[PDB]
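**Q** Enclosed is the structure file model25.cif (mmCIF, C-alpha atoms and all ligand atoms).
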data_entry
#
loop_
_atom_site.label_atom_id
_atom_site.label_comp_id
_atom_site.auth_asym_id
_atom_site.auth_seq_id
_atom_site.Cartn_x
_atom_site.Cartn_y
_atom_site.Cartn_z
CA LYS A 1 16.43 23.27 91.58
CA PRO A 2 20.13 22.69 90.93
CA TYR A 3 21.36 19.76 92.96
CA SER A 4 23.32 20.39 96.16
CA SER A 5 24.79 16.90 96.61
CA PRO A 6 25.91 14.37 93.96
CA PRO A 7 23.53 11.56 92.98
CA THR A 8 23.63 8.73 95.51
CA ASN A 9 23.16 5.94 92.94
CA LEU A 10 22.56 5.21 89.26
CA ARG A 11 18.76 5.49 89.34
CA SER A 12 18.92 8.96 90.90
CA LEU A 13 21.50 9.89 88.26
CA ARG A 14 19.49 8.65 85.28
CA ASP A 15 16.46 10.40 86.79
CA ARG A 16 18.34 13.70 87.02
CA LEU A 17 19.76 13.34 83.50
CA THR A 18 16.26 12.93 82.08
CA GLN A 19 15.00 16.03 83.92
CA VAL A 20 17.96 18.00 82.54
CA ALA A 21 17.45 16.56 79.05
CA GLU A 22 13.84 17.71 78.80
CA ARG A 23 14.74 20.92 80.64
CA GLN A 24 16.78 22.06 77.62
CA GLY A 25 15.72 20.36 74.41
CA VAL A 26 17.67 17.11 74.08
CA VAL A 27 16.82 13.42 73.90
CA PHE A 28 17.80 11.55 77.05
CA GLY A 29 20.06 9.21 75.08
CA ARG A 30 22.11 11.95 73.43
CA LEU A 31 22.70 13.57 76.83
CA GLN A 32 23.56 10.22 78.43
CA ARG A 33 26.04 9.24 75.71
CA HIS A 34 27.52 12.74 76.18
CA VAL A 35 27.98 12.32 79.93
CA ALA A 36 29.61 8.93 79.34
CA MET A 37 32.02 10.57 76.90
CA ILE A 38 32.82 13.39 79.32
CA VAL A 39 33.65 10.81 81.99
CA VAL A 40 35.90 8.84 79.64
CA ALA A 41 37.59 12.09 78.62
CA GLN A 42 38.33 12.84 82.27
CA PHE A 43 40.05 9.46 82.67
CA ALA A 44 42.15 10.23 79.59
CA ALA A 45 43.13 13.63 80.96
CA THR A 46 44.81 12.14 84.06
CA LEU A 47 47.40 10.49 81.77
CA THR A 48 50.37 12.86 81.97
CA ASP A 49 54.05 12.52 81.09
CA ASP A 50 56.78 13.48 83.55
CA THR A 51 56.28 17.20 82.77
CA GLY A 52 52.50 17.14 83.21
CA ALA A 53 51.78 17.38 79.48
CA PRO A 54 48.81 15.26 78.34
CA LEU A 55 49.48 11.88 76.74
CA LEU A 56 46.08 11.69 75.01
CA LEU A 57 44.44 14.37 72.88
CA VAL A 58 40.77 14.03 71.91
CA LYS A 59 39.83 14.35 68.23
CA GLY A 60 37.03 13.43 65.81
CA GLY A 61 33.37 13.80 66.66
CA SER A 62 33.86 13.89 70.43
CA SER A 63 36.05 16.99 70.10
CA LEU A 64 33.39 18.76 68.03
CA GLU A 65 30.65 18.11 70.57
CA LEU A 66 32.80 19.70 73.22
CA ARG A 67 33.54 22.62 71.05
CA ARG A 68 30.10 23.41 69.93
CA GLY A 69 27.90 21.80 72.47
CA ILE A 70 25.28 19.18 72.00
CA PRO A 71 22.67 21.06 70.08
CA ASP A 72 25.00 22.33 67.41
CA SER A 73 26.97 19.23 66.57
CA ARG A 74 26.58 15.75 65.12
CA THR A 75 25.95 12.81 67.40
CA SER A 76 29.28 11.04 67.95
CA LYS A 77 29.37 7.32 68.71
CA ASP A 78 33.16 7.20 68.68
CA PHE A 79 35.62 8.53 71.24
CA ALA A 80 38.85 8.96 69.26
CA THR A 81 42.21 10.13 70.59
CA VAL A 82 45.84 10.61 69.57
CA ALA A 83 48.52 9.32 71.95
CA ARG A 84 52.13 10.47 72.23
CA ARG A 85 53.27 7.08 73.65
CA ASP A 86 52.63 3.41 72.86
CA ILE A 87 49.18 1.99 73.51
CA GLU A 88 50.49 -0.61 75.96
CA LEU A 89 51.44 2.34 78.14
CA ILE A 90 48.14 3.98 77.17
CA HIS A 91 45.88 1.00 77.81
CA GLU A 92 47.43 0.00 81.14
CA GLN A 93 47.19 3.62 82.32
CA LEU A 94 43.48 3.91 81.44
CA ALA A 95 42.58 0.71 83.31
CA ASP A 96 44.46 2.14 86.30
CA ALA A 97 42.61 5.46 86.11
CA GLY A 98 39.37 3.63 85.32
CA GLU A 99 39.78 1.62 88.52
CA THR A 100 40.49 4.64 90.73
CA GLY A 101 37.42 6.24 89.21
CA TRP A 102 36.23 9.82 89.10
CA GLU A 103 33.37 11.37 91.12
CA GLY A 104 31.58 8.04 91.47
CA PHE A 105 32.40 6.78 87.97
CA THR A 106 34.51 3.68 87.36
CA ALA A 107 35.45 2.11 84.04
CA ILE A 108 36.64 -1.22 82.65
CA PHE A 109 38.55 -1.35 79.37
CA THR A 110 38.47 -4.30 76.98
CA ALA A 111 41.68 -5.35 75.24
CA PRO A 112 43.16 -3.38 72.32
CA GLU A 113 42.80 -4.96 68.98
CA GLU A 114 44.86 -3.54 66.14
CA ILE A 115 42.97 -2.28 63.16
CA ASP A 116 44.20 -1.86 59.60
CA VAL A 117 45.01 1.49 58.03
CA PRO A 118 47.27 1.55 55.07
CA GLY A 119 48.85 4.96 55.40
CA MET A 120 50.25 4.59 58.92
CA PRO A 121 53.14 2.43 60.11
CA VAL A 122 51.80 2.33 63.60
CA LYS A 123 48.38 0.79 63.54
CA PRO A 124 45.35 2.27 65.36
CA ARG A 125 43.67 0.51 68.22
CA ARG A 126 40.04 0.10 69.30
CA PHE A 127 38.58 -1.08 72.60
CA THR A 128 35.57 -0.37 74.79
CA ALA A 129 34.89 1.44 78.06
CA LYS A 130 32.31 -0.17 80.37
CA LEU A 131 31.35 2.64 82.73
CA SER A 132 29.75 2.29 86.15
CA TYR A 133 28.46 4.75 88.75
CA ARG A 134 28.62 3.84 92.44
CA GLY A 135 29.12 0.21 91.40
CA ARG A 136 26.26 -0.13 88.90
CA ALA A 137 26.80 -0.45 85.15
CA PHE A 138 26.08 2.79 83.33
CA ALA A 139 27.13 2.84 79.66
CA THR A 140 29.48 1.48 76.99
CA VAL A 141 31.73 3.73 74.91
CA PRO A 142 33.78 2.78 71.83
CA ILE A 143 37.33 4.14 71.91
CA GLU A 144 39.84 4.68 69.10
CA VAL A 145 43.49 5.45 69.85
CA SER A 146 45.93 6.31 67.09
CA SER A 147 49.53 7.40 66.80
CA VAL A 148 50.98 10.87 66.45
CA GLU A 149 51.47 12.12 62.90
CA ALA A 150 53.77 15.08 62.16
CA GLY A 151 52.96 17.81 64.72
CA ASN A 152 49.34 16.96 65.48
CA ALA A 153 50.07 16.40 69.19
CA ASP A 154 52.46 19.37 69.50
CA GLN A 155 49.79 21.70 70.87
CA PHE A 156 46.31 21.26 72.32
CA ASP A 157 43.19 23.21 73.18
CA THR A 158 41.42 22.51 76.48
CA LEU A 159 37.65 22.17 76.26
CA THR A 160 35.05 21.97 79.01
CA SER A 161 31.43 20.96 79.47
CA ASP A 162 29.09 21.74 82.35
CA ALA A 163 26.80 18.76 81.67
CA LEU A 164 27.92 16.95 84.83
CA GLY A 165 27.52 20.14 86.84
CA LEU A 166 23.83 20.33 85.97
CA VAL A 167 23.21 17.00 87.74
CA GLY A 168 25.12 18.07 90.83
CA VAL A 169 28.58 16.62 90.15
CA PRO A 170 30.45 19.92 90.58
CA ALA A 171 34.01 19.01 89.57
CA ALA A 172 35.53 20.94 86.69
CA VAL A 173 35.83 19.29 83.28
CA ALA A 174 38.88 20.24 81.20
CA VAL A 175 39.72 17.94 78.28
CA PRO A 176 42.89 18.35 76.17
CA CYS A 177 42.03 18.31 72.48
CA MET A 178 43.66 18.28 69.07
CA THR A 179 43.69 21.71 67.47
CA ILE A 180 41.50 22.68 64.53
CA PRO A 181 44.21 22.94 61.82
CA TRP A 182 44.93 19.24 62.44
CA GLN A 183 41.28 18.21 62.75
CA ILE A 184 40.77 19.81 59.33
CA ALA A 185 43.81 18.07 57.82
CA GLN A 186 42.69 14.66 59.08
CA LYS A 187 39.05 14.95 57.99
CA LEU A 188 40.06 16.42 54.64
CA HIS A 189 42.31 13.44 54.04
CA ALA A 190 39.68 10.92 55.13
CA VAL A 191 36.85 12.44 53.09
CA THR A 192 38.85 12.55 49.82
CA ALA A 193 40.36 9.05 50.24
CA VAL A 194 39.87 6.21 47.76
CA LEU A 195 39.89 2.80 49.43
CA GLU A 196 40.75 -0.80 48.48
CA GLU A 197 38.40 -3.01 46.52
CA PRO A 198 36.39 -4.64 49.37
CA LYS A 199 35.32 -1.34 50.89
CA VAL A 200 34.06 2.04 49.75
CA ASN A 201 34.38 5.43 51.43
CA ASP A 202 31.24 5.98 53.55
CA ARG A 203 32.51 9.20 55.19
CA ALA A 204 29.91 11.66 53.86
CA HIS A 205 29.41 12.63 57.51
CA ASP A 206 32.85 14.28 57.44
CA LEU A 207 31.46 16.89 55.03
CA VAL A 208 29.25 18.13 57.87
CA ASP A 209 32.15 18.27 60.33
CA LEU A 210 34.34 20.15 57.84
CA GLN A 211 31.66 22.84 57.42
CA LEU A 212 31.40 23.19 61.21
CA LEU A 213 35.20 23.37 61.50
CA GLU A 214 35.47 26.08 58.87
CA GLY A 215 33.10 28.23 60.89
CA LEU A 216 35.07 27.73 64.09
CA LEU A 217 38.21 28.90 62.26
CA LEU A 218 36.42 32.22 61.64
CA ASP A 219 38.82 34.79 60.08
CA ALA A 220 42.08 33.29 61.40
CA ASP A 221 45.08 32.88 59.13
CA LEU A 222 44.97 29.54 57.32
CA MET A 223 48.75 29.11 57.08
CA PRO A 224 48.73 26.72 60.09
CA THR A 225 45.91 24.75 58.45
CA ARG A 226 47.70 24.62 55.10
CA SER A 227 50.94 23.50 56.76
CA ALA A 228 48.99 20.83 58.64
CA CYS A 229 47.27 19.60 55.46
CA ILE A 230 50.56 19.47 53.57
CA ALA A 231 52.07 17.50 56.44
CA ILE A 232 49.28 14.93 56.80
CA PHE A 233 49.03 14.33 53.05
CA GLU A 234 52.80 13.81 52.65
CA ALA A 235 53.25 11.61 55.74
CA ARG A 236 50.44 9.25 54.72
CA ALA A 237 51.56 9.43 51.07
CA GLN A 238 48.31 8.21 49.56
CA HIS A 239 46.66 10.78 47.28
CA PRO A 240 48.35 14.18 46.91
CA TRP A 241 47.50 17.63 48.20
CA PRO A 242 45.31 19.50 47.02
CA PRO A 243 42.56 16.85 46.87
CA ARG A 244 39.42 16.79 44.76
CA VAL A 245 36.31 16.44 46.96
CA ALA A 246 34.45 13.59 45.26
CA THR A 247 30.86 12.55 45.98
CA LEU A 248 30.11 8.83 45.86
CA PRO A 249 26.79 7.36 44.76
CA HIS A 250 25.40 6.29 48.17
CA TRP A 251 26.44 9.57 49.82
CA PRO A 252 23.24 11.62 49.31
CA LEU A 253 21.35 9.62 51.95
CA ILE A 254 24.34 9.21 54.25
CA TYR A 255 24.90 12.96 54.16
CA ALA A 256 21.22 13.64 54.84
CA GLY A 257 21.59 11.25 57.79
CA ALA A 258 24.48 13.30 59.18
CA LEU A 259 22.35 16.46 59.12
CA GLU A 260 19.69 15.16 61.43
CA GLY A 261 19.17 17.59 64.19
CA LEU A 262 20.96 20.44 62.61
CA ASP A 263 18.23 22.35 60.86
CA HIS A 264 18.95 25.46 62.74
CA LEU A 265 22.49 25.71 61.47
CA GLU A 266 23.54 27.22 58.21
CA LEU A 267 24.79 24.19 56.35
CA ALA A 268 24.45 22.93 52.86
CA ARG A 269 21.32 20.86 52.67
CA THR A 270 22.38 18.52 49.95
CA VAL A 271 25.57 16.63 49.45
CA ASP A 272 26.48 18.27 46.20
CA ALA A 273 26.36 21.63 47.81
CA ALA A 274 28.37 20.37 50.70
CA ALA A 275 31.08 19.13 48.46
CA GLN A 276 31.32 22.42 46.78
CA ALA A 277 31.52 24.21 50.00
CA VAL A 278 34.33 21.96 51.09
CA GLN A 279 36.14 22.33 47.75
CA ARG A 280 36.13 26.14 48.02
CA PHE A 281 37.52 25.70 51.55
CA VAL A 282 40.27 23.52 50.07
CA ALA A 283 41.06 26.19 47.48
CA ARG A 284 41.14 28.83 50.22
CA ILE A 285 43.59 26.78 52.30
CA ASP A 286 45.86 26.14 49.32
CA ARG A 287 46.14 29.84 48.48
CA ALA A 288 47.21 30.83 52.01
CA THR A 289 50.42 32.86 52.27
CA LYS A 290 52.67 34.45 54.90
MG MG B 301 20.98 1.86 91.52
MG MG B 302 14.53 13.31 78.79
MG MG B 303 17.59 17.81 86.28
MG MG B 304 55.69 4.80 74.96
MG MG B 305 38.39 -4.58 72.86
MG MG B 306 54.19 19.31 61.32
MG MG B 307 49.07 23.94 73.60
MG MG B 308 39.71 11.84 60.44
MG MG B 309 46.78 31.54 57.01
MG MG B 310 52.35 27.59 59.87
MG MG B 311 39.76 12.98 38.66
MG MG B 312 18.37 15.45 57.33
MG MG B 313 17.37 15.96 52.92
MG MG B 314 36.30 29.03 52.11
#
Take the structure from the file and write it as structure tokens.
Ligand SMILES: [Mg+2]
Ligand SMILES: [Mg+2]
Ligand SMILES: [Mg+2]
Ligand SMILES: [Mg+2]
Ligand SMILES: [Mg+2]
Ligand SMILES: [Mg+2]
Ligand SMILES: [Mg+2]
Ligand SMILES: [Mg+2]
Ligand SMILES: [Mg+2]
Ligand SMILES: [Mg+2]
Ligand SMILES: [Mg+2]
Ligand SMILES: [Mg+2]
Ligand SMILES: [Mg+2]
Ligand SMILES: [Mg+2]

**A**
Amino acid sequence: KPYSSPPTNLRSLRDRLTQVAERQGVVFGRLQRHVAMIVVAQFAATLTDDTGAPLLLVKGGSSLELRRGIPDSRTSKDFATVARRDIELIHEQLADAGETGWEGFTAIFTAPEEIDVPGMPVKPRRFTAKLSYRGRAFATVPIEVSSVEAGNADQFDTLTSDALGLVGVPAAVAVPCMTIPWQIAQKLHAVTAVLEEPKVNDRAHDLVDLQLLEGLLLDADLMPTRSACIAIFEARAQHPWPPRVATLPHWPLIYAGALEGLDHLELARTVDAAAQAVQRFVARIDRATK
């Protein structure tokens, strides 16, 4: 029933993914995008400095899937990371690791294009991972790499998934990840940001993530989160800490879009409620002491 040898080719792999998808309540595509992200994360985890410390830490929506699992988290198109070295070192090293492969998987990485963010001197970079399995093309994953800010690469947590084990690829998955205080600081800053005149802030989906993150924090001291929020808000030097959590006019339907699939969780069902929940979280963080 569980597979004793790895899949011999892509068809047998897709076929096993679909049997696992139905076997436990997921759409085939969500599970496939998740396997592709696990594979990309394993390529990123082979990038070590001369002490063995990771060079890339996963963040954003990919981190949250790993933390909570597929059923209890938002679908994440992006695979975002924070590097502790320059991209040119990062991009060459991924192509290397992508060529060596991992348990049948191989990857090709398009060229990094700088993107524009006005609060960071070092600009973020986006490119794409074209995955293959035993030679045959498998999936395409957007990647976002950005620079360290304050101490957000100082520590990491190491998350695992057993998705690939279900389809008979037994090797352990262990992905270094940005810690929650810094995920909270970054999403808080992005969700309360006011942008330049061409564009508007569409990030109502971050109000879901911030409610998930507050649960994962549980009853821990918030002093590390407060320190991290102070640090991100000062370094970027856009709007000040503590921010006001403003709802924009198109956000009701975007927010409702970000809740798809999460009926079982205890989350605010409307955007106004979500904003309030996030504002009380902000007030909690700001009051933290010793
Ligand atoms: Mg085939
Ligand atoms: Mg299926
Ligand atoms: Mg199966
Ligand atoms: Mg460097
Ligand atoms: Mg590219
Ligand atoms: Mg710091
Ligand atoms: Mg650590
Ligand atoms: Mg963010
Ligand atoms: Mg505290
Ligand atoms: Mg602290
Ligand atoms: Mg105001
Ligand atoms: Mg909905
Ligand atoms: Mg609704
Ligand atoms: Mg609170």

**Q** Need to verify the contact set: residue A:148, 8 Å, only C-alpha atoms, exclusion of same-chain residues closer than 6 positions in sequence. Can you return it as number ranges by chain?

**A** A: 82-84

**Q** Selection from above, C-alpha atoms, as a PDB file, in the frame of the given file, can you write it?

**A**
ATOM      1  CA  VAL A  82      45.840  10.610  69.570  1.00  0.00           C
ATOM      2  CA  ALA A  83      48.520   9.320  71.950  1.00  0.00           C
ATOM      3  CA  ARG A  84      52.130  10.470  72.230  1.00  0.00           C
TER       4      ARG A  84
END

**Q** Give me the residues within 9 Å of residue A:230 as JSON, numbers by chain, counting all atoms listed in the file and dropping any in the same chain fewer than 6 places off.

**A** {"A": [185, 240, 241, 242]}

**Q** Kindly work out which residues sit at most 12 Å from ligand MG 311 (chain B), using only C-alpha atoms and all ligand atoms, and give the list as a VMD selection string.

**A** chain A and resid 192 194 239 to 240 242 to 247

**Q** Can you tell me which residues come within 9 Å of ligand MG 308 (chain B) when counting only C-alpha atoms and all ligand atoms, ideally as a ChimeraX atom specification?

**A** /A:59-60,183-191,206

**Q** Given the choices A:290, A:254, A:8, A:85, which gets closest to residue A:270 if the distance is worked out from all atoms listed in the file?

**A** A:254

**Q** Do you know which residues are at most 12 Å from residue A:92 counting all atoms listed in the file, after dropping those on the same chain fewer than 4 positions away, and could you put them as a list in words?

**A** residues 44, 47, 85, 86, 87, 88, 96, 97, 98, 99, 108, 109, 110, 111 and 112 of chain A

**Q** Could you give me, as JSON, numbers by chain, every polymer residue with an atom at most 6 Å away from an atom of ligand MG 307 (chain B), counting only C-alpha atoms and all ligand atoms?

**A** {"A": [155, 156, 157]}

**Q** Could you turn the residues from that selection into a file that holds C-alpha atoms, as a PDB file, keeping the file's coordinate frame?

**A**
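Result written to out_17.pdb:
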ATOM      1  CA  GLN A 155      49.790  21.700  70.870  1.00  0.00           C
ATOM      2  CA  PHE A 156      46.310  21.260  72.320  1.00  0.00           C
ATOM      3  CA  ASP A 157      43.190  23.210  73.180  1.00  0.00           C
TER       4      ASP A 157
END

**Q** Just how far from atom CA of residue A:133 is atom CA of residue A:101, in Å to one decimal?

**A**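 Atom CA of residue A:133 lies at a distance of 9.1 Å from atom CA of residue A:101.
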
**Q** Give me, as a Markdown table, the closest atom pair and its distance (Å, one decimal) for every residue of chain A within a cut-off of 9 Å of ligand MG 309 (chain B), counting all atoms listed in the file, rows sorted by chain and rising number.

**A**
| residue | atom | partner | partner_atom | distance |
| --- | --- | --- | --- | --- |
| A:220 | CA | B:MG309 | MG | 6.7 |
| A:221 | CA | B:MG309 | MG | 3.0 |
| A:222 | CA | B:MG309 | MG | 2.7 |
| A:223 | CA | B:MG309 | MG | 3.1 |
| A:224 | CA | B:MG309 | MG | 6.0 |
| A:225 | CA | B:MG309 | MG | 7.0 |
| A:226 | CA | B:MG309 | MG | 7.2 |
| A:285 | CA | B:MG309 | MG | 7.4 |
| A:287 | CA | B:MG309 | MG | 8.7 |
| A:288 | CA | B:MG309 | MG | 5.1 |
| A:289 | CA | B:MG309 | MG | 6.1 |
| A:290 | CA | B:MG309 | MG | 6.9 |

**Q** Given a cut-off of 12 Å, what residues near ligand MG 313 (chain B) show up using only C-alpha atoms and all ligand atoms, put as a PyMOL selection string?

**A** chain A and resi 251-263+267-273

**Q** Have a look at A:91, A:74, A:203, A:134 and name the one nearest to ligand MG 304 (chain B); count all atoms listed in the file.

**A**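 Closest residue, counting all atoms listed in the file: A:91.
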
**Q** List as a list in words the protein and nucleic acid residues near residue A:16, meaning an atom at most 6 Å away when all atoms listed in the file are counted, but skip any in the same chain fewer than 3 places from it.

**A** residues 13, 19 and 167 of chain A

**Q** Taking only C-alpha atoms and all ligand atoms into account, report as a PyMOL selection string which residues have an atom no farther than 12 Å from an atom of ligand MG 314 (chain B).

**A** chain A and resi 210-215+217-222+274-288

**Q** Need the axis-aligned box for stretch 81-85 of chain A with 4 Å each side, so what are the centre and edges in Å to one decimal, as AutoDock Vina command-line options?

**A**
--center_x 47.7 --center_y 8.8 --center_z 71.6 --size_x 19.1 --size_y 11.5 --size_z 12.1

**Q** Pick out the residues sitting within 9 Å of stretch 168-174 of chain A, and hand them over as a list in words; count all atoms listed in the file, and ignore anything fewer than 3 positions along from it in its own chain.

**A**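 Contacts, with the query itself left out: residues 2, 3, 4, 5, 6, 7, 16, 38, 39, 41, 42, 45, 103, 158, 159, 160, 161, 162, 163, 164 and 165 of chain A.
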
**Q** Write out as a tab-separated table a residue-level contact list of chain A versus ligand MG 301 (chain B) with cut-off 6 Å: for each qualifying residue the closest pair of atoms and the distance in Å to one decimal, counting all atoms listed in the file, rows sorted by chain and residue number upward.

**A**
residue	atom	partner	partner_atom	distance
A:9	CA	B:MG301	MG	4.8
A:10	CA	B:MG301	MG	4.3
A:11	CA	B:MG301	MG	4.8

**Q** Take the selection from the previous step and output its residues with C-alpha atoms, as a CSV table (one decimal), in the coordinates of the input.

**A**
chain,number,residue,atom,x,y,z
A,9,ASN,CA,23.2,5.9,92.9
A,10,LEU,CA,22.6,5.2,89.3
A,11,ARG,CA,18.8,5.5,89.3

**Q** For stretch 210-240 of chain A, where the input has fewer atoms than it should, I would like N, CA and C atoms rebuilt and written as a compact mmCIF listing (two decimals), keeping the file's coordinate frame.

**A**
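The resulting file, out.txt, is reproduced below:
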# COMPACT_ATOMS: atom_id res chain seq x y z
N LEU A 210 33.44 19.18 58.46
CA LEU A 210 34.34 20.15 57.84
C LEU A 210 33.68 21.51 57.67
N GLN A 211 32.36 21.55 57.46
CA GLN A 211 31.66 22.84 57.42
C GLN A 211 31.60 23.48 58.81
N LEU A 212 31.34 22.68 59.84
CA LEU A 212 31.40 23.19 61.21
C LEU A 212 32.80 23.73 61.52
N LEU A 213 33.84 22.97 61.15
CA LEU A 213 35.20 23.37 61.50
C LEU A 213 35.59 24.66 60.80
N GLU A 214 35.10 24.86 59.57
CA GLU A 214 35.47 26.08 58.87
C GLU A 214 34.86 27.30 59.55
N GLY A 215 33.68 27.13 60.14
CA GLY A 215 33.10 28.23 60.89
C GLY A 215 33.90 28.55 62.13
N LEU A 216 34.31 27.51 62.87
CA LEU A 216 35.07 27.73 64.09
C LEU A 216 36.40 28.42 63.82
N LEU A 217 36.96 28.24 62.61
CA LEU A 217 38.21 28.90 62.26
C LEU A 217 38.01 30.40 62.13
N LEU A 218 36.82 30.81 61.72
CA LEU A 218 36.42 32.22 61.64
C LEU A 218 37.36 32.91 60.64
N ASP A 219 37.99 34.02 61.00
CA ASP A 219 38.82 34.79 60.08
C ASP A 219 40.31 34.61 60.36
N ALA A 220 40.68 33.56 61.09
CA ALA A 220 42.08 33.29 61.40
C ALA A 220 42.87 33.05 60.12
N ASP A 221 44.19 33.25 60.21
CA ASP A 221 45.08 32.88 59.13
C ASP A 221 45.01 31.37 58.93
N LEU A 222 45.04 30.95 57.67
CA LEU A 222 44.97 29.54 57.32
C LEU A 222 46.34 28.90 57.13
N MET A 223 47.41 29.68 57.23
CA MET A 223 48.75 29.11 57.08
C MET A 223 48.97 27.91 57.99
N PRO A 224 48.59 27.94 59.28
CA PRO A 224 48.73 26.72 60.09
C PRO A 224 47.91 25.55 59.55
N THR A 225 46.72 25.82 59.00
CA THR A 225 45.91 24.75 58.45
C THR A 225 46.54 24.20 57.18
N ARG A 226 47.02 25.08 56.30
CA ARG A 226 47.70 24.62 55.10
C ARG A 226 48.92 23.77 55.45
N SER A 227 49.78 24.27 56.35
CA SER A 227 50.94 23.50 56.76
C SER A 227 50.53 22.13 57.30
N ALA A 228 49.44 22.09 58.07
CA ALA A 228 48.99 20.83 58.64
C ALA A 228 48.46 19.89 57.56
N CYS A 229 47.78 20.43 56.55
CA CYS A 229 47.27 19.60 55.46
C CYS A 229 48.42 19.07 54.61
N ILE A 230 49.36 19.93 54.25
CA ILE A 230 50.56 19.47 53.57
C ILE A 230 51.18 18.31 54.33
N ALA A 231 51.34 18.48 55.64
CA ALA A 231 52.07 17.50 56.44
C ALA A 231 51.33 16.17 56.51
N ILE A 232 50.01 16.19 56.70
CA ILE A 232 49.28 14.93 56.80
C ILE A 232 49.25 14.22 55.45
N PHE A 233 49.10 14.96 54.36
CA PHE A 233 49.03 14.33 53.05
C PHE A 233 50.36 13.72 52.64
N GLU A 234 51.48 14.36 52.99
CA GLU A 234 52.80 13.81 52.65
C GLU A 234 53.12 12.59 53.51
N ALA A 235 52.92 12.70 54.83
CA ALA A 235 53.25 11.61 55.74
C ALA A 235 52.52 10.33 55.36
N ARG A 236 51.21 10.43 55.09
CA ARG A 236 50.44 9.25 54.72
C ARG A 236 50.74 8.81 53.30
N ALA A 237 51.09 9.74 52.42
CA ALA A 237 51.56 9.43 51.07
C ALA A 237 50.60 8.50 50.33
N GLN A 238 49.30 8.77 50.46
CA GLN A 238 48.31 8.21 49.56
C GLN A 238 48.08 9.20 48.43
N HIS A 239 46.88 9.77 48.31
CA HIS A 239 46.66 10.78 47.28
C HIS A 239 47.33 12.11 47.64
N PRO A 240 47.62 12.94 46.64
CA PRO A 240 48.35 14.18 46.91
C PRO A 240 47.45 15.33 47.33
